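Right, one structure below, let's go through it.
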Amino acid sequence: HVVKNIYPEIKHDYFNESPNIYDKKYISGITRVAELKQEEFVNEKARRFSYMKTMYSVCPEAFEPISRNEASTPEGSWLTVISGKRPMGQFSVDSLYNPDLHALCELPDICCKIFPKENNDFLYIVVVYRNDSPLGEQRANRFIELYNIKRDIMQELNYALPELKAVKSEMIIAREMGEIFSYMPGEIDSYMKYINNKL
Ligand SMILES: C[S@@+](CC[C@H](N)C(=O)[O-])C[C@H]1O[C@@H](n2cnc3c(N)ncnc32)[C@H](O)[C@@H]1O
């Protein structure tokens with residue numbers, strides 16, 4: 001149904017478990033044979049979808065850097081992509097029944113790579129990209145590589161050497177992330193200086 005539709009490769013057991021507290025904002029069932037709420041899911045999704053269709057645009061002949069500020073919320077994270085300002089963004093959802101996530105997946109040439117958040121039981125990462133630009137998938141893939149490097153590093157440090165593991169792992173991949181997220185070169189420098197200070 002609505003979940004396998006946007007997240008084909010999802011674990012089978014997911015639907016055996018019962019709705020967590022976040023799911024319940026949008027559904028009501030014993031398991032994950034639950035009803036979609038008419039107002040909170042169906043009607044919210046349709047409203048958000050209209051909003052997205054209005055803002056939808058095609059990609060420029062070429063992208064310009066956005067400010068990090070335009071993509072610091074989940075909503076701006078995908079808005080900058082659907083309006084064609086940049087080829088990819090990444091955000092999180094506390095429920096695979098998030099109405100925005102479902103609306104996002106119904107836009108032309110808009111793809112979402114979805115997977116469970118590392119070290120979290122309910123959170124999923126969403127990587128949203130322009131399929132109508134060759135940079136879309138490339139950047140989405142490149143993010144997953146950088147993301148895997150970060151989490152591999154942090155897991156290892158967590159295991160054997162935990163001090164400042166998060167900030168250390170940022171020093172390793174943060175500039176590369178900034179670039180693929182299209183942040184302005186100045187904002188990326190400023191972030192590396194913030195990480196450096198954390199030393
Ligand atoms: C936390 S992810 C958030 C992604 C955001 N929702 C998007 O779609 O662009 C942004 C990552 O980019 C890196 N980064 C580089 N420059 C940054 C900056 N100026 N502000 C925030 N993150 C920056 C950090 O590693 C950070 O984890």
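Labeling convention for the structure tokens: chains A, B, ... as they appear, residues from 1 per chain, ligands from 1 in order of appearance.
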Do you have, as JSON lines, the list of residues of chain A lying at most 7 Å from ligand 1, each with its nearest atom pair and that distance in Å to one decimal, counting only C-alpha atoms and all ligand atoms and ordered by chain then number?
{"residue": "A:68", "atom": "CA", "partner": "ligand 1", "partner_atom_place_in_ligand_line": "20 (N)", "distance": 5.6}
{"residue": "A:71", "atom": "CA", "partner": "ligand 1", "partner_atom_place_in_ligand_line": "7 (C)", "distance": 4.9}
{"residue": "A:72", "atom": "CA", "partner": "ligand 1", "partner_atom_place_in_ligand_line": "6 (N)", "distance": 5.2}
{"residue": "A:73", "atom": "CA", "partner": "ligand 1", "partner_atom_place_in_ligand_line": "6 (N)", "distance": 6.1}
{"residue": "A:74", "atom": "CA", "partner": "ligand 1", "partner_atom_place_in_ligand_line": "6 (N)", "distance": 5.8}
{"residue": "A:77", "atom": "CA", "partner": "ligand 1", "partner_atom_place_in_ligand_line": "8 (O)", "distance": 4.0}
{"residue": "A:78", "atom": "CA", "partner": "ligand 1", "partner_atom_place_in_ligand_line": "8 (O)", "distance": 6.8}
{"residue": "A:88", "atom": "CA", "partner": "ligand 1", "partner_atom_place_in_ligand_line": "8 (O)", "distance": 6.9}
{"residue": "A:89", "atom": "CA", "partner": "ligand 1", "partner_atom_place_in_ligand_line": "8 (O)", "distance": 3.4}
{"residue": "A:90", "atom": "CA", "partner": "ligand 1", "partner_atom_place_in_ligand_line": "8 (O)", "distance": 4.0}
{"residue": "A:91", "atom": "CA", "partner": "ligand 1", "partner_atom_place_in_ligand_line": "6 (N)", "distance": 4.7}
{"residue": "A:170", "atom": "CA", "partner": "ligand 1", "partner_atom_place_in_ligand_line": "25 (O)", "distance": 5.4}
{"residue": "A:173", "atom": "CA", "partner": "ligand 1", "partner_atom_place_in_ligand_line": "25 (O)", "distance": 6.3}
{"residue": "A:174", "atom": "CA", "partner": "ligand 1", "partner_atom_place_in_ligand_line": "25 (O)", "distance": 3.6}
{"residue": "A:175", "atom": "CA", "partner": "ligand 1", "partner_atom_place_in_ligand_line": "15 (C)", "distance": 5.1}
{"residue": "A:177", "atom": "CA", "partner": "ligand 1", "partner_atom_place_in_ligand_line": "12 (O)", "distance": 4.6}
{"residue": "A:178", "atom": "CA", "partner": "ligand 1", "partner_atom_place_in_ligand_line": "15 (C)", "distance": 3.7}
{"residue": "A:181", "atom": "CA", "partner": "ligand 1", "partner_atom_place_in_ligand_line": "9 (O)", "distance": 4.9}
{"residue": "A:183", "atom": "CA", "partner": "ligand 1", "partner_atom_place_in_ligand_line": "16 (N)", "distance": 6.7}
{"residue": "A:187", "atom": "CA", "partner": "ligand 1", "partner_atom_place_in_ligand_line": "19 (N)", "distance": 4.3}
{"residue": "A:188", "atom": "CA", "partner": "ligand 1", "partner_atom_place_in_ligand_line": "16 (N)", "distance": 3.9}
{"residue": "A:190", "atom": "CA", "partner": "ligand 1", "partner_atom_place_in_ligand_line": "19 (N)", "distance": 6.3}
{"residue": "A:191", "atom": "CA", "partner": "ligand 1", "partner_atom_place_in_ligand_line": "19 (N)", "distance": 4.6}
{"residue": "A:192", "atom": "CA", "partner": "ligand 1", "partner_atom_place_in_ligand_line": "16 (N)", "distance": 6.9}
Might you pull out every residue within 12 Å of residue 95 (chain A), with only C-alpha atoms counted and same-chain residues fewer than 5 positions away left off, and present them as a PyMOL selection string? chain A and resi 3+14+19-27+32+41+100-102+114-117+121-126
Exercise: region 153-160 of chain A partners within 7 Å, only C-alpha atoms, chain neighbours under 5 positions left out, as a ChimeraX atom specification: /A:165-166,169
Would you kindly return, as a ChimeraX atom specification, each protein, DNA or RNA residue with an atom no farther than 9 Å from any atom of residue 29 (chain A), considering only C-alpha atoms and excluding same-chain residues fewer than 6 positions away? /A:18-19,35-36
Keeping C-alpha atoms, export the residues of the selection given above as a compact mmCIF listing (two decimals), in the first residue's frame.
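Output (part-v8.txt):
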# COMPACT_ATOMS: atom_id res chain seq x y z
CA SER A 18 2.03 -1.88 15.84
CA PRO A 19 1.96 1.87 15.06
CA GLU A 35 -6.85 2.97 8.93
CA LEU A 36 -5.43 6.13 7.41
With only C-alpha atoms as the counted atoms, please give the residues lying no more than 8 Å from residue 180 (chain A), apart from itself and same-chain residues fewer than 5 positions off, as a PyMOL selection string. chain A and resi 88+139+142-143
